[PDB]
Amino acid sequence: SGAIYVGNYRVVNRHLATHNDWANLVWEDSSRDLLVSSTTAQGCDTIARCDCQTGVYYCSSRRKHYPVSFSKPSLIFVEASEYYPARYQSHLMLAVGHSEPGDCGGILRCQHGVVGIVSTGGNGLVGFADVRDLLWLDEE
Ligand SMILES: O=C(NCCc1cocn1)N1CCc2ccccc21
Ligand SMILES: [Zn+2]
């Protein structure tokens with residue numbers, strides 16, 4: 001589990017969104033596994049605006065933050081899980097890093113701020129959903 005809290009937005013994995021998220025929906029995209037809902041309180045996270053390929057992510061199944069090298073956001077075939085059929089997921093970045101289902105939502109960050117959240121993984125893979133192209137998270 002986990003979310004990004006930037007401005008009056010909450011960014012979560014679409015497959016983990018709650019009824020309150022769907023009832024206060026700003027934007028969602030199944031191909032990216034992302035959903036954004038509105039919040040009453042302002043958040044403290046800042047979004048990175050960059051092309052970094054190194055950063056650190058939080059792994060809840062190890063209670064640890066790990067430094068990783070990750071690929072640029074791309075369209076990658078991901079295997080069936082409880083939440084999506086084997087399909088192509090867009091804006092996804094891969095790294096070698098330990099992963100399990102309850103980790104979705106952990107933040108990946110670089111020197112500039114939050115880069116994305118954990119979404120896919122398996123066999124020493126972990127795939128993040130990028131948010132650096134969503135410039136509107138910084139305003140309104
Ligand atoms: O179950 C999921 N993610 C579900 C969301 C998803 C995105 O694309 C398809 N399903 N993951 C995330 C971490 C992990 C480690 C080992 C095995 C699976 C998984
Ligand atoms: Zn960066």
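Starting from 1, each residue takes its place in the sequence as its number. As a basis for the values below, the full set of heavy atoms in this structure was taken, side chains included, without hydrogen atoms, waters or symmetry mates.
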Visitor: Carefully, step by step, assess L35 and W22 under the rule side chain to side chain contact (heavy atoms under 4.5 Å, CB included).
Guide: CA-CA 9 Å; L35 182 147; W22 280 107; 3.7 Å; yes
Visitor: Please report the interatomic distance NE2(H112) to CG(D51), rounded to the nearest 0.5 Å.
Guide: 8.5 Å
Visitor: Are the side chain of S90 and the backbone N or O of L75 linked by a donor-acceptor pair below 3.5 Å?
Guide: no
Visitor: Do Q89 and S119 pair up side chain to side chain, a donor and an acceptor below 3.5 Å, judged on atom types alone?
Guide: yes
Visitor: Out of curiosity, does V78 fall in the hydrophobic cluster containing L34 (side-chain heavy atoms, cut-off under 4.5 Å, transitive links)?
Guide: no
Visitor: Could you tell me which non-hydrogen atom of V131 sits nearest to which non-hydrogen atom of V114, and how far apart they are?
Guide: CG2-O, 4.3 Å
Visitor: Got a second to check how far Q111's CD is from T54's OG1, nearest 0.5 Å?
Guide: 7.5 Å
Visitor: Quick check: does any side chain N or O of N13 sit under 3.5 Å from a backbone N or O of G105, one acting as donor and the other as acceptor?
Guide: yes
Visitor: Test side chain to side chain contact (heavy atoms under 4.5 Å, CB included) on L108 and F70; report intermediate values, then the result.
Guide: CA-CA 10 Å; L108 170 70; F70 54 94; 3.9 Å; yes
Visitor: Return the minimal non-hydrogen interatomic distance between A3 and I107, and the atom names on each side.
Guide: O-CD1, 3.9 Å
Visitor: Linking I/L/V/M/F/W/Y whenever any side-chain heavy atoms sit under 4.5 Å apart, do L134 and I117 land together?
Guide: yes
Visitor: Minimum heavy-atom separation for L92 and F128, please, with both atom names.
Guide: CD1-O, 2.9 Å
Visitor: Tell me, with the steps shown, if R62 and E100 meet side chain to side chain contact (heavy atoms under 4.5 Å, CB included).
Guide: CA-CA 10 Å; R62 295 286 180 267; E100 315 184 20; 3.8 Å; yes
Visitor: Check whether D103 reaches the backbone of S60 with its side chain - one donor and one acceptor, N or O, closer than 3.5 Å.
Guide: yes
Visitor: When clusters are formed by joining ILVMFWY residues with side-chain heavy atoms under 4.5 Å apart, either directly or through shared neighbours, do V6 and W27 land in the same one?
Guide: yes
Visitor: Would you sort out whether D133 and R32 count as a side chain to side chain contact (heavy atoms under 4.5 Å, CB included), showing the intermediate values?
Guide: CA-CA 12 Å; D133 66 315; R32 294 177 71 151; 2.7 Å; yes
Visitor: Please determine which of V36, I4, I47 meets the side-chain contact (heavy atoms from CB on, under 4.5 Å) test together with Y9.
Guide: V36
Visitor: Taking only residues at least two apart or on different chains, which pairs with a member in residues 64-73 satisfy side chain to side chain donor-acceptor pair (under 3.5 Å)?
Guide: none
Visitor: Fit a plane to each ring of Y83 and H15, take the angle between them on a 0 to 90° scale, and name the class: parallel (under 30°), tilted (30 to 60°) or perpendicular (over 60°).
Guide: tilted
Visitor: So which pairs with a foot in residues 8-18 pass salt bridge (charged side-chain N to carboxylate O under 4.0 Å, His left out), sequence neighbours left out?
Guide: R10-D21, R14-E28
